[PDB]
Each structure stands twice: as structure tokens, then as C-alpha cells.
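S.K.: no sequence on hand, only this structure:
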Ligand code: CLA
Ligand code: CLA
Ligand code: CLA
Ligand code: CLA
Ligand SMILES: CC1=C(/C=C/C(C)=C/C=C/C(C)=C/C=C/C=C(C)/C=C/C=C(C)/C=C/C2=C(C)CCCC2(C)C)C(C)(C)CCC1
Ligand SMILES: CC1=C(/C=C/C(C)=C/C=C/C(C)=C/C=C/C=C(C)/C=C/C=C(C)/C=C/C2=C(C)CCCC2(C)C)C(C)(C)CCC1
Ligand SMILES: CC1=C(/C=C/C(C)=C/C=C/C(C)=C/C=C/C=C(C)/C=C/C=C(C)/C=C/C2=C(C)CCCC2(C)C)C(C)(C)CCC1
Ligand SMILES: [Ca+2]
Ligand SMILES: [Cl-]
Ligand SMILES: [Cl-]
Ligand SMILES: [Fe+2]
């Protein structure tokens, strides 16, 4: 028994927390990402990068803490602790936003490790690896939003900050500057996510309301046995119900569950494609035909042109505070605004 | 920095007088402002007439100047129009009319002095003080 | 009755379902819960009294029970100023003490009293299928509810009256001497469109109508009580309805959902049964007040508010409603159905009257409009008042907002509960609430759809 | 179905676990407390105290602009 | 026997290709009415003066909209909450100009969806099913009612109902955020958890079932042909899926009871959507999301910003531009 | 820094408590696994 | 019976719980900071 196989045995033991070879990458990297985020949201400020308090130590709450993105002056520097910026000074590394790349990079490798874990466990137990394939969706989202978008932009500063209100800021920023709602790829993402939720709800309810009478209790949960060979609910009755209610119904269980995988995953992937576009400011910002007609015809108004106006207002009012490194100075009189407001 | 003595030092009267609020005076003034003046003067604005705000420029532009503590206390006893021509004691909360302004009948002279001092100290802590309603 | 899953068929998280056929235990649960209700009433009243600054308006202090007591005419006088704080304290105390008694009785019945009541007394014993006994209990309770309605009537007539925000000379506690028994008005309220300008029963705008409708409600409820004591359900009702404990629960849940929706709307729109003196302005009131405040200010500045056109070409201060009435301009055009005691002295037959606007506006009306505009029912969840983009220094959320939001949420979840229990009651009566029987799966005997 | 380790309910219902932990858990709680309450957290992470966001000479946001010399920049911000 | 009994037997028949039912006798007419009007209006309706300031907004394709920008525009702010049926307009042109189509479509649609939920119950009863699919359906219905009925009621105008269009939906959302800070409202946070988690659990459940499919096909044909409609045998190995998942996270976090698993799949998104519907319905009464603007002050008393202040800046920017000609007075109360 | 000493001392107290209450059995287990 | 005391599970438990409790103590202390 060579040392490699002895290690393989130890790593793949049946214990409370399976480790596996993938655990070597997953657990330290996941721990770094999670502990870095908790440490930043508890203790670390964004005063020097954003001019914002972003930790419990400064009086922020769960909704307003964040591991904020680094200062825009660093471009896409990876901001290693030992790098030319912090130069091994941990306190400075915290103050310049080193925690953001720390968390982002360890999270990316922890995500890799987790998908490798999915593969490893699927191989060990003897099933098909469709869980890893499904997890590719969240991976695409994380790569596109947290890595690809800022890499296309001027710096990590424009990456989403790891915090609740930081994420909301990123969301509103994308609306105002990129008109992300108008983007057909975001639209397909929305459809995928809403359809996934719909499928989850409808499938759970359908199963729960076509159950077979397999027990005597009003509590129907105890009339199932994991080793039972037969279906626990009536696919035939479910199909008839949905055919008569909605017009169509699933008749193939395998297709149903594959569809439940396919919908949200496809949605995540399409929205990731859209975010890649936004990284290069390749927006679906405008419909030129309506823009031209409005520029010539002062009576032409659509909801599209109204949304354009909202975006203009948001940009002008938010940019000075959202981009403090720019030293934007917008005198009050240049701010766009409607009457009386 | 701290809420230092210089920061709490404000014009007392028009002849160059000067008074420093204590930290307790400032805290009571802020408390009173939030309880009774924040409904119409959030952030130094005047919701019902923002031509007359609590900003430093507006306060000093009144007749007479209200950018000092005694003039503020006088206004809060006997409110007048901005040019000091009409009597607003039926239209503005004041301690002189507890019959129509009951939210004010429990305030002392110390309380009014504190709130006037807070009104003078707040603008220099907040560049938004006394601006546009949406600002 | 069993107290676990094997002997009841219900899990712990559905454990109260175990009480469906234990009439004594169920009575104990109901009485103890009634104690909880009365306890909250008393404790919340005492809390609000303790946290009450009697010269600061009620709506500025997060009070929802004290306004109910004030509207009933206790402890308040003209303009709603709090005269005596002791009646609020007494209401709270009485509820707290009776809550103690109710809790003791509920505990007795739930824990030691007889498990079922049917073999102890025919009067209190009941069976859900006993249509006569179920209607008897409906009848007893209908008589009680009619008594409660007449209690309101008696308070308004002979026991000091109620707070009338529409009182001439100023809103005040007044004795209602001429309630409208005229059935045309009372029951035409129920026929009014539930839409803008009609406001089905939300639009009741005078204490005479409220008291007269309550006299009618008392009579209807008492007569229905006697009707249900002395009769059994007819054939049509027997054939249309499900006759079971869960079915009756579902019916009551539907009723409660309807009532919760209605109360949320009532508190949002009505300023008669919910005087703005105690509950603050309605949203409509606050919008109208802002328009009025700036009309008055710009008029004092010299603006000819009759002829001033705004940027769009509609009048800045005044305009016409789609039916021609003279109304405040701006977005508050949507709120032109608003009526409030501070605004009606300026309304003529055609709507707002230029002559009154130019020479009838009183300082108290100006003060009231300013107050109502600055207490618009807008606020954050953490109780920061004003529009959401304002800063943290104004700690206010309208009681109307609290009441309307809470009652809309409760109404919806009780509609959900009604759906749950109605569906379950039907399925249990037909015997498939536990799943499809494999032998007799109905779909298997059904022809294919295509 | 047990992978070998002692069940949690067993451990956390044992006397010895509680003799150990009624000490260890409060000790960590108060160590974190003291970490904050002694001011150590401010110095360890460089987080400003409420009086050090602005100084008597820097009234504006201390936004970093320098690409490599941030130690000097931070020290000049104070 | 009688003509009425025969009609009853027909309406409640489980042999109809589409179940009708008593709820269907209301659903079908109202839904067809809403659909016909919606199609006609989306294609060809003239512009609607939504804000009541004689500034009509073009919603239909024939007036220059594409599919993304087109909409059935909410009725005029001048109408407010008034009932505006066709017969209350002096002319069809007047009815169209004031946004009557929106009211017609919305009222019929809402009646129809409530009847759809009743019809779901009815058919489950006729088929001897358990009755609670309609309860799951009450979540989307609640959300739709919030955005088309409850919010306009609280705000006092159908002009403030969600427009029936894509860009109109986005406009609704942006203004809603500007006025209520829905992102900082916990009920919307719960709705987001509902939909993100529902999609997560959909992906997880679908992937675990697909992973544990029993071999019944060859590598050439679709594995979907391994399942035959109406078999009792289970088409996948739930014990293998549990083995995998309990090793992915840990044993006791994995369902091994399919019934509890499917109850959880039903309950999670449904509860999340109920909560977000209630969030919209209560912001209808202007009980808004959290406001932490200027919550953090330094020792002197100067405000230290947080991400909440940046969000508020964005909200103000949206607010000052929205309905740019509609406001005459400094506070957006109505 | 004395602050470091006072922040670390509770951790050491917890560690030594756990050691003195678990060490016999822990050493037993260490020896058994060699 | 007679299970091992220290395990990979013990380490996974503590790796999380121990810093969690320390952080909670820190945040508790934060609750009483005055400006
Ligand atoms: C109709 C019910 C109702 C309404 C309208 C109010 C309204 C109010 N209360 Mg009050 N209260 C209530 C019930 C109610 N309360 C009950 C039952 C209790 C006993 C616990 C209290 C005890 C209480 C105290 C001690 C205080 C108040 C206070 C207040 C005021 C401040 C509100 C606030 O900020 O809370 C904050 C809002 C929240 C905490 C959000 C609550 C959200 C809940 C959890 C919603 C639940 C959702 C849903 C139903 C879940 C079930 C569905 C399921 C199917 C999933 C306000 C006017 C304060 C006050 O100002 O006193 C003068 C105050 O100090 N209340
Ligand atoms: C709706 C509430 C309710 C109902 C239906 C019952 C029903 C019953 N109780 Mg119970 N009980 C209750 C509440 C209730 N109780 C409360 C709140 C308490 C705490 C004081 C008790 C404490 C209690 C005890 C200790 C006992 C019962 C017993 C009984 C059973 C015999 C009744 C009897 O013949 O005595 C005779 C009935 C009367 C003499 C009529 C008196 C009516 C009341 C007391 C006077 C006030 C009437 C009032 C004006 C009406 C409206 C009430 C008002 C608050 C609105 C019976 C099934 C007995 C039992 O179980 O026997 C085996 C018994 O031992 N109860
Ligand atoms: C909470 C109090 C209460 C409760 C639970 C009941 C319950 C009942 N009553 Mg009733 N009743 C009451 C109070 C009450 N009553 C009062 C106070 C009176 C005096 C007026 C009556 C007089 C009365 C009579 C004369 C009869 C009943 C009957 C019945 C039974 C069947 C009726 C039915 O199907 O309901 C539902 C109603 C229908 C199915 C008919 C349709 C009604 C319309 C179409 C519904 C539309 C409402 C609309 C959508 C809501 C808008 C509000 C408004 C604008 C109308 C039932 C057990 C019947 C019975 O069995 O006799 C013993 C009967 O004939 N009651
Ligand atoms: C008067 C109203 C009423 C009554 C008497 C009942 C009675 C009953 N219900 Mg029911 N239900 C109701 C309203 C009511 N319900 C409403 C409004 C809904 C919609 C949500 C439901 C939905 C419902 C379901 C899905 C079920 C029942 C069931 C039952 C039976 C057993 C339930 C049990 O043991 O509770 C046990 C209590 C709990 C498990 C605690 C629940 C805690 C809730 C979810 C959260 C509380 C939130 C609240 C606002 C406080 C916030 C706390 C905050 C401070 C954090 C029982 C006969 C069961 C049944 O069908 O039996 C045959 C069952 O499965 N009900
Ligand atoms: C940074 C860094 C690092 C790392 C670190 C770490 C890794 C750590 C950590 C950490 C951690 C790891 C921490 C923690 C924590 C925690 C917390 C803070 C918690 C909490 C909580 C809570 C609050 C909860 C609550 C609740 C709820 C809400 C539900 C129910 C009930 C309860 C109570 C449960 C190092 C040194 C390497 C290097 C440098 C950098
Ligand atoms: C059965 C059951 C249950 C329930 C229970 C209940 C529901 C209850 C209740 C109860 C109640 C409901 C109670 C009560 C009470 C009360 C009391 C005990 C009182 C009193 C008194 C006093 C002492 C007062 C005093 C005072 C005065 C006189 C005035 C001033 C102020 C004061 C406060 C000082 C449960 C769920 C648990 C479960 C199991 C079963
Ligand atoms: C006091 C007052 C008043 C009065 C009121 C009144 C006079 C009332 C009433 C009322 C009434 C007198 C009512 C009612 C109701 C009814 C209901 C709510 C119903 C229903 C229904 C149902 C639920 C049915 C169902 C069904 C069908 C549909 C068929 C089949 C069978 C069944 C059963 C399922 C006024 C406004 C002047 C003023 C304010 C205060
Ligand atoms: Ca006030
Ligand atoms: Cl807009
Ligand atoms: Cl306006
Ligand atoms: Fe499934």
C-alpha cells in the first residue's frame, strides 16, 4: 500500500464531514472567504477606499456592513498582503481594501473546490454528476459579476461589495448606468429564476396533493419509506389535473426533473453573458429609433423614454458620492430634476 | 474630531457676543429639536415654507438677524415674518401661546436656549442643512 | 383524547387538530385564548397610558388603543385634547383583571375540566353535525353581538356621547340625539360602489349614520339570534354546505379575512369613525393639506391662485375634477373626493369657492393643514417619518399606517387559512384528505382526455 | 447510519461537556468583548475611532489616490 | 334528469378536455374579455394621459412602440380610484384617452385569476385529490393583486398600478424603489430568498433526481424514455441521492423522505412570495423599507456615510426625475 | 501591549480548563491511535 | 459506546464556533460604544 493510496483512504473515509481530495482546496479556501467576510463586516472600515463606514465596529448593522471593494486608484491590482501596496502591513492591507480580493479569490477557489467535491462524491457514491453541472450556473454568475465585470471596468472598485446594501448599490448602479433591466440577457435570467421558483412551488404542491393513501394518519409524511419501490404520488392524476387546468402537463417524470434543473441554470448562464457585455459597457441601453423620434417630436413619450430620464437623474445625483475618487463636483443647478421636486 | 468647545461656541447676541454650549446643553437642544422641530425642520429645511429655512444664510438674512442665540430665543417667544413685519404667533409654535401650541408649554427658558444653540451648531456639521427639500 | 401522533394521527405541529372532538378541551383553549386577547388589550392600554404624553397628539406617540377610547368619548374634549387620563387607565385595568379570570377558566377547562361536554350536559355539549345545536350557538352569539352594538348606541346616546369630528364649533364629544333609523340611508350605504367618490361603507361620514346603522345592526343580530335558536337549517343550506368543525372554522376564516380587509380600508380612508384628531391625517387628507398650505402661502405672497396655470397648463392651485368640481391642483387631483372638517368651510356647491379661499381661511385651518401635511402617513419600518429619502431625525409612523398594514396582512393570511381549511374540510368530508386510494384511484376509471 | 462519531445530543447532554463549556464559551465571549473594549480592534484593523474620521486639518474624505505608496498617504491623512 | 341537472353534470364533468367548473363559468368569460382587450389595446390603443396632466403616453405598437416598450397604460391620475367603465365615457375616444382599457383589463384579469384558483380547488375535489395546489397558487395571485389592486388603493389611484408592459414594469419598479426603498424592506428580502432559494431547490432537486436515474435506456436514446407514463416503480434511486447529498453537506441535512422534501419544495417559494406580496401591499400604505440615512455619526456629529446613504442618493436621483411635470408642491405625498 | 495580554488571557484560561478536564481521556485516545 | 473525543468533526465544529463566539463578544461590546 503506497502512501498515495493510504492518503486516499483517509481522505475518503465515511465521517460526519466528508473531506475528499477536493476538501484540500475547498475547506481552507471557503474558511478564508467566510472568515475574511465576517472579519471585514465586523471590524474593517471603507473610510479610505469609499469614505464609508462598513463594519459593526463603526455602528453599521447587518444590512449596511460590507467587505467593500478596494480603492479605484489600484486598478486591477490583486492586492496581496505582501504586494507593493500593503507591503506586508496587515493594518494598511485592511485599510486599502485588501479583504475584497482576499474574499473574492478564496471564494472563487472555494467554489471550484465545492464543484470538485460534487464531482468526487458523485463518483464515489455512483451517480451521475448533474449536481455539479447545475452548480456551474452559480459559478458562471460569480465569475461574471465578481471577476469579469470589474476586470472590464477601470478597477475592482466597481465590483460589487460583499454586503447587503453594497449589493443593492451595485444593483441600482447597474440600472442607472447600464440600463440593465432593458438587457435581453438579464430578461432571460429573470425568466429562468422566476420559472425555477414557479417550478419548485408547483412541483412540490402537485406532489403533496396527489399523494397516495399509504397510511392511516392525517399526517401523510409518515406514509413514505425511502426503500419503497413504488411511486408515492399519482403521476396519472397529476397529469390529468394539469392537462385540464392549464391545457398541458408533464407526462414524463424524468423530463420534469431535468426541466427543473435546466430552467434556473440556463437563466443564470444567460444573465452571466449579459454581465460580460456590461463589463465592456456593451449595454442594451437605448432604442435608437425612439430616441431619434423623441429628439425630433416633443410629444412622443413611452415608458422607455421615462426610464431613460430616471437613469439620467440617478447618475447625476449618485455619482459624486458613489465615486468619491473622481472628485465629481456637480453644482446644484446642473442636477436634473422635475418641477417642484 | 470631537464636539469641541469651539464647535459649540456660537454667536450669543448681535453685538459680537459669544456663548459656548456644554455637551449637555447641545444634547438637550438636539433632543428638543428632534422631538418638536424635526416634523417641520428636518435637516434645517422648512417643509411648509422652504423660502425661510433654518440655514445660516436664511437665518442671518432675517430682520433682525437670527443667526445668534438671543434672536432665535426671541423668535421662539414671539415669531414674526422674515422681514419682521407681521406677527406669526398664531402660525408658528411659540412658548407664548400654550393655548394653541401645547407641545411647548413644558419648555423652560433653558430648553429654548438649548434648542436655539443646537439650531446654530447643526449647520456647520451638515452641508445639507437648510438646502432644497430634495437635496 | 390522545396527545401524540400514534393515538391521534396528527403531528405535534398540528397538535391543536387533536382538539376537534374534545369539546371541553376545545372550550378551554378558546377561553384561554380569549384571555390572551383581553390581556393584550389591558396590558397594551396600560403601556400606552404609561408611554403617553397627554399634550402631544396621540398619533405622534405610537398609540392605537387610546384613540379607540378617545373616539368613544372618554377622557377627551374639544379638538381631542386629553382631559382625564384615568378612563384610559380604567379600561386597561378592567381588561387586565378579567383577562386573569378568563385565563384561569381556560386553563381549568383545558387541563382539568371534563374532556367532552356532551355526556355532562345537553346544553353545552355539542356535535359538529348537530345542525340544531350549531345554530343554537350561532343564535346565542348573535344576541350577544346585538347587545354589543346597542352598547355602542347607548354610549353615544345616554352615556356621554361619542367624539364627533364634524361637530360645529369644532370637533368635540357630543351626545347623538337623532340617529338615522331611516333604512334608505342605512342600507344604501351597503349599495354604494366600492370605488372612488362612493367608498361603499367606508364613506360613512357622520355619527348619526354610524349610530343608526348600529341600532339596525343590533336589531338584525338579535332577531337573527332568535331565528337561529328556534329553527334548524333548511334543505338548501343542508345541501350546499359542509357540516363539520373544520368547515365551520373555514367559514369563519373567510369572514375574518373580509373583515380585516374592510378594517384596513376603513382606517386608511375614513376620518369619521377614525378622527384625524386621534389617528392623524389620512393620506388623502395630508395631500390635500399640502395643496392648501401652499395655496394659502402663495396667496399671502400675492399669487392670484384662481388664474395661475402650472407648467403643464392645468391650474397650479385649482382645477376641475372630471365631473367639473373645483378641486386642488397637482397630483392631489386624485384625492378630490376627500372631505374633512377643516376643508369643508371653504367648499361651495361647485367645489372650492374662490370667495371663501380669498377671505374665509382661518388661522386654525392654516395650522391644521400644516400639521396634517407634516404628519402624512409616510414612514420607514424603523419609524423614520416623511418620504423615504429623508434623513433620520423625525420619529413618526402614522397609526393609520400601522393599523391598515397590519390588518391587510392579517386579512390575507386569513383568506389563505380559509382556503386551506375549506379545501381540507371538503376533502375530509369526501374522504380523500389522506391521499389517493391506490385501489380506487378515480383518474384510472376516467376516459383519456384525447 | 452513524459514521463513528458520538451523537451531538449525547455530548451536549453530558455533565462533562458543560463543566468544560460553562467556562470556555464565556471566556471567548469576554475575550472578544475585551478585544473591542480595550480599543485593540481599532489599532489592529486601522478602523477610525469616532473622533478620528476627520482631523483639525483634514475635513474631507481621505480617499486614497496613490498606486503604490499608501502607507505615506494614510499617515498624511492621519 | 332535469335540464339544470344535465347542465350541472356538464359543467362539473371531469371528462371535458379543459375542466370548466363553477369557478370556470366566471373565469372563462372574464379571462377572455381581459385577453381580447389586452391584445387590442397593446397593438392599437391611442396614447393615455396617465399622470392626468394632459401628457399622454404612447403604449401601443402602432404608435411607435416595440414589444419591449409597449404597454397598456394605467388610467389617468385624474380618475384616481373612480370606476371608469366604457359606459361612463362620453365617447370611446374619451375612454381610451383616459386609460379605460387598463381598468377593463385589470378588473377582468383579477376576477379571472381568483376564479382560476377556485377552479384549481374544484378540479382537485372532482378528481379526489388533496386540495392545496390552489394554496400554492395563492402566492402569485397575492403578488398580482398587490401590484394591480392593493398598491393603487393605498396610493389612491389606478394611475399608480403596474403598467401592462415590459418597460412599464421596469418603470413601476424604479419608482417604487425611489418612493419606498423596497430593496431595504425585509419582506422583499424574503421574496428574494423565496425566488433565489426556489430556483436553487429546483436545480438541486432536478439534478439529484436526474443524477440518480435508474438505467433503463441506452447511450443513444434519450434517458427520458426510461420512464413510462403511469408506472408505479420509482424511476430514480432516492437512497443513492440521499447518500450523495448527505455526503455533500452532512447526513442529517439531507432529506430521505420524498414527501417532506416535496413539501419543502412547495412551501419555500410560496412563503417567500406571500411575504413579498405582503411587503408590496404594506408599502401601499407607505410603511417603507428601513431608513438608515445618517444613522452613523462621528463624535463631533458629522455624518459618516454607509452603503445605505449611497443607495439613498440613487433613490433621490430616481425620485426627482420621475413624473417630471406632475408635482406642484415640495413633498411627494400622493 | 497590555491589551494583547488581557485579550489573550481568557483564551488561555479556556484552553487550560478544557485541558485539565479532558486530558486523561485525550491522552488515552492519542496513545490508542499510536 | 466509548467513541473518540477529538475528530475531524470536532475540528469542523470548533473552527466555526470558537471565532463565532469571540466575534459575538466583540459585537456585544460594540453595542455600548458611545460616539
Ligand atoms: C394590529 C396589531 C398591532 C399594530 C397595528 C401595532 C402598532 C404599533 N405598536 Mg404594537 N403590539 C402588538 C400589536 C400591534 N401593534 C402585539 C400583539 C404586541 C404584544 C407583543 C405589541 C406590543 C408593542 C410594544 C411593546 C410596542 C408596540 C409599539 C407599536 C407602535 C410602533 C410599531 C413598531 O415599530 O413596531 C415594529 C415592527 C415590527 C417589529 C415588524 C413586525 C412584523 C411581524 C413579525 C409580522 C408577521 C408576519 C406574518 C403575520 C407572519 C405569519 C404568516 C405565516 C403564514 C408565515 C405601533 C403604533 C411601540 C410603541 O410605540 O408603543 C407606544 C412599542 O413600544 N407594540
Ligand atoms: C364561553 C365560556 C364558557 C363556557 C361555554 C363554559 C361552560 C361550562 N363551564 Mg366554565 N368557566 C369559564 C368559561 C366558560 N365555561 C371561565 C371564564 C371560568 C373562570 C371563572 C370558568 C370556570 C368553570 C368552573 C370551575 C367550572 C366550569 C364548569 C362549566 C360547565 C358547566 C356549566 C354550568 O352548568 O355551570 C352553571 C352556569 C351558571 C350558573 C350561569 C352563570 C353565568 C355566569 C357565571 C354569570 C355571568 C353571566 C354574564 C352576564 C353573561 C355574559 C358574560 C359576559 C362576560 C359577557 C360548562 C360546560 C363546571 C363544570 O365543568 O362541571 C363539571 C365547573 O366545574 N367553569
Ligand atoms: C355570524 C352570524 C350568522 C351566521 C354564521 C349565520 C349562518 C347561517 N344562516 Mg343566518 N342570519 C343572521 C346571522 C348569521 N347566520 C342574522 C343576524 C339574521 C337576521 C337577518 C339571519 C337570518 C337567516 C335566515 C332567514 C336564514 C339564515 C340561514 C343561515 C344558514 C345558511 C345561510 C347561508 O348559506 O349563508 C350564505 C348565503 C347564501 C348562500 C345566499 C347567497 C347570498 C348572497 C348571494 C351572497 C352575496 C354577498 C356579497 C358577495 C357580499 C357583499 C356584501 C353586501 C354588499 C351584501 C347558516 C348556517 C338560512 C337557514 O338555514 O335558516 C335556518 C336561512 O334561511 N339566516
Ligand atoms: C382562528 C383561526 C384558526 C384556527 C382556530 C386554526 C386551527 C387549526 N389549524 Mg389553521 N390556519 C389559519 C387559522 C386558524 N387555524 C390561518 C389564518 C392559516 C393561514 C396561514 C392557517 C393554516 C393552517 C395550516 C397549513 C394547517 C392548519 C392546521 C390547523 C389545525 C392544527 C393547527 C395547530 O396545531 O397549530 C400549531 C401552531 C404552530 C405549529 C405554530 C405556528 C407558528 C406560525 C407559523 C408563525 C406565527 C407568526 C405570528 C404572527 C407570530 C410572529 C412571531 C414573531 C415575534 C417572530 C387547527 C384545528 C393544520 C391542519 O390542517 O389540521 C388538520 C395545518 O396543517 N392551519
Ligand atoms: C481575516 C483574515 C484571516 C482570516 C480569519 C478568519 C478565517 C477568521 C475568522 C472568523 C470567523 C468565522 C468569525 C465568525 C463569526 C460569527 C458571527 C459574527 C456570528 C453570528 C451570528 C448570529 C447573530 C446568529 C444569530 C441567530 C439568528 C439570526 C438565527 C437564529 C438565532 C441565532 C442566534 C442563531 C487570516 C487571519 C487568515 C489572515 C488575515 C486575514
Ligand atoms: C392552556 C395551554 C396553553 C395556554 C395558556 C394560555 C393561553 C393562558 C393564559 C393566561 C392568561 C390570560 C393569564 C393571565 C393573567 C393576569 C394576571 C396574573 C394579572 C394581574 C394582575 C395584576 C397584579 C395587576 C397589577 C397591576 C394593577 C392592579 C394595575 C396597575 C399595574 C399593575 C400591573 C401593577 C399553552 C399555549 C401555554 C400550552 C399548554 C396548554
Ligand atoms: C353599522 C354601520 C352601518 C350599517 C351596516 C349594515 C346595516 C350592514 C350590514 C350587512 C349585511 C347584512 C351583510 C352581509 C353579508 C353577506 C355575506 C358576507 C354573504 C355571503 C355569501 C356566501 C359566503 C355565500 C356563499 C355560497 C355561495 C356563493 C353559493 C354556494 C353556497 C355558499 C354558502 C358557499 C352603516 C354602514 C350604515 C354605517 C357604519 C356603521
Ligand atoms: Ca410634534
Ligand atoms: Cl416616471
Ligand atoms: Cl403636487
Ligand atoms: Fe420530484
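M.R.: Ah, there it is. Residues are numbered from 1 along each chain as shown, chains lettered A, B, ... in the order given. Ligands and ions are numbered 1, 2, ... in the order given.

S.K.: dihedrals phi and psi, the residue positioned nearest the centre of chain F?
M.R.: Among the residues of chain F, the one closest to the centroid is residue F:15, at 2.9 Å (C-alpha atoms, centre = their mean). Torsion angles at residue F:15 (phi, psi; degrees, to the nearest 10) stand at phi -60, psi -50.

S.K.: gap between it and residue F:9?
M.R.: 11 Å (C-beta to C-beta, to the nearest Å). Quick note: C-beta positions are derived from backbone N, CA and C, even for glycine.

S.K.: ranges for the helices of chain C?
M.R.: Along chain C, the stretches classed as helices by DSSP state H are C:5-8, C:23-50, C:66-71, C:86-111, C:131-158, C:183-188, C:207-230, C:235-240, C:245-269, C:276-279, C:283-301, C:354-359, C:363-374, C:399-430.

S.K.: buried residues in the longest one, which are they?
M.R.: Taking 16 or more other C-beta atoms under 10 Å in any protein chain shown as the neighbour-count basis, helix C:399-430 is seen to contain the buried residues C:399-428.

S.K.: in what helix or strand does the residue of chain D found nearest ligand 1 lie?
M.R.: Closest residue of chain D to ligand 1, C-beta to the nearest ligand atom: residue D:29 (26.7 Å). According to DSSP states H and E, residue D:29 maps onto helix D:15-37.

S.K.: who touches that helix?
M.R.: By C-beta atoms under 8 Å, 6 or more residues apart in numbering or on different chains, the surrounding residues in contact with helix D:15-37 are A:57, D:11-12, D:40-41, F:3, F:6-8, F:10-11, F:13-14, F:17-18, F:21-22, G:18, G:21-30, G:33.

S.K.: which residue is the nearest non-sequential neighbour of the residue of the stretch 351-450 of chain C found nearest ligand 7?
M.R.: Nearest residue of the stretch 351-450 of chain C to ligand 7 (C-beta to the nearest ligand atom) works out as residue C:422 at 8.8 Å. With sequence-adjacent residues excluded and distances taken as C-beta to C-beta, 6 or more residues apart in numbering or on different chains, residue C:422 is closest to residue C:250, at 4.0 Å.

S.K.: pretty sure the one you found sits against residue C:427.
M.R.: No. In this structure residue C:250 lies outside contact range of residue C:427 using C-beta atoms under 8 Å: 11.6 Å.

S.K.: can you give me the helices for chain B?
M.R.: Under DSSP H, chain B gives helices at B:23-32, B:38-41, B:56-61, B:69-77, B:109-121.

S.K.: from residue E:118, how far out is whichever residue of chain B sits closest to chain G?
M.R.: Among all residues of chain B, residue B:3 sits closest to chain G, at 9.0 Å; criterion: C-beta to the nearest C-beta. Distance from residue B:3 to residue E:118, counting by C-beta to C-beta: 64 Å.

S.K.: just residue A:287 next, same as before
M.R.: Residue A:287 sits 41 Å away from residue E:118, going by C-beta to C-beta.

S.K.: so the closest residue to residue A:224 other than its chain neighbours is in which element?
M.R.: Spatial nearest neighbour of residue A:224, excluding adjacent residues (C-beta to C-beta, 6+ apart): residue E:259 at 4.6 Å. Element membership of residue E:259 [criterion: DSSP H and E] is helix E:258-283.

S.K.: ok and the helix or strand harbouring residue G:16 relative to helix D:15-37, angle-wise?
M.R.: According to DSSP H and E, residue G:16 maps onto helix G:8-30. Angle, helix G:8-30 to helix D:15-37, by axes from the mean of the first three to the mean of the last three C-alpha atoms, to 10 degrees: 40 degrees.

S.K.: helix G:8-30 and ligand 5 in contact?
M.R.: Yes. Judged by C-beta under 6 Å from any ligand atom, helix G:8-30 and ligand 5 are in contact via G:19-20, G:23-24.

S.K.: helices and strands around that helix, which ones?
M.R.: If you count contacts as 3 or more C-beta pairs under 8 Å, 6 or more residues apart in numbering or on different chains; DSSP states H and E, helix G:8-30 packs onto helix A:20-43, helix D:15-37.

S.K.: list the buried residues in stretch C:56-68.
M.R.: Using 16+ other C-beta under 10 Å as the test for burial, stretch C:56-68 gives C:57-68.

S.K.: show me which of the residues you listed is closest to residue C:299.
M.R.: Comparing these against residue C:299 with C-beta to C-beta places residue C:57 closest, at 27.3 Å.

S.K.: distance check, that closest one against residue B:89.
M.R.: Taking C-beta to C-beta, one finds residue C:57 at 20 Å from residue B:89.

S.K.: same thing with residue A:268?
M.R.: Taking C-beta to C-beta as the measure, residue A:268 falls 65 Å from residue B:89.

S.K.: ditto for residue E:96
M.R.: From residue E:96 across to residue B:89, the span is 54 Å (C-beta to C-beta).

S.K.: what does residue E:132 give?
M.R.: Distance of residue E:132 to residue B:89, computed by C-beta to C-beta: 65 Å.

S.K.: the more surrounded of these two?
M.R.: Higher neighbour count among residue E:132 and residue B:89: residue E:132, with 21 against 17, using other C-beta atoms under 10 Å in any protein chain shown.

S.K.: chain neighbours aside, what residue packs nearest to the more buried one?
M.R.: Computed as C-beta to C-beta, 6+ apart, the closest residue to residue E:132 that is not its neighbour in sequence is residue A:209, at 5.3 Å.
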